[PDB]
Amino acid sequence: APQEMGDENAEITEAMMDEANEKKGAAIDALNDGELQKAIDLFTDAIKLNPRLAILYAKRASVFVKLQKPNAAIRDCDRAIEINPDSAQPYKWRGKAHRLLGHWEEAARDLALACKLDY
């Protein structure tokens, strides 16, 4: 079953960008507490409010990996890469999710990229 990805063609106000950072702060607080479902919900709220911020999809992917929902992670990473092809985070989580699945060649591809992109 698939997760909410948010409307890619939305008009995004300064107000919405701010509330998104608020939901992100709370998602991060839940994550660090090991309340992982809660973290997903809160990243999902963040994504509906700023669906063009790549870091939000990457963070949610990382949570999906900790929950061992690798396909869900891969969907989030693809979307983050499509917004920002040159940032390291989504390749890392996509590589890790590919490992759970035993997609060894894909995982090494992505993890190799993550290492180079990271600086």
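Don't overthink the numbering: it's just position in the shown sequence, from 1.
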Please compare 45 to 53 with 85 to 93 and say which has the higher mean C-alpha temperature factor in the record. 45 to 53
Per the entry, where is the mean C-alpha temperature factor higher: 59 to 67 or 29 to 37? 29 to 37
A15 by Cα B-factor - lowest, middle or highest third of the modelled chain: highest
So, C115's CA B-factor, relative to its chain, sits in which third? The middle
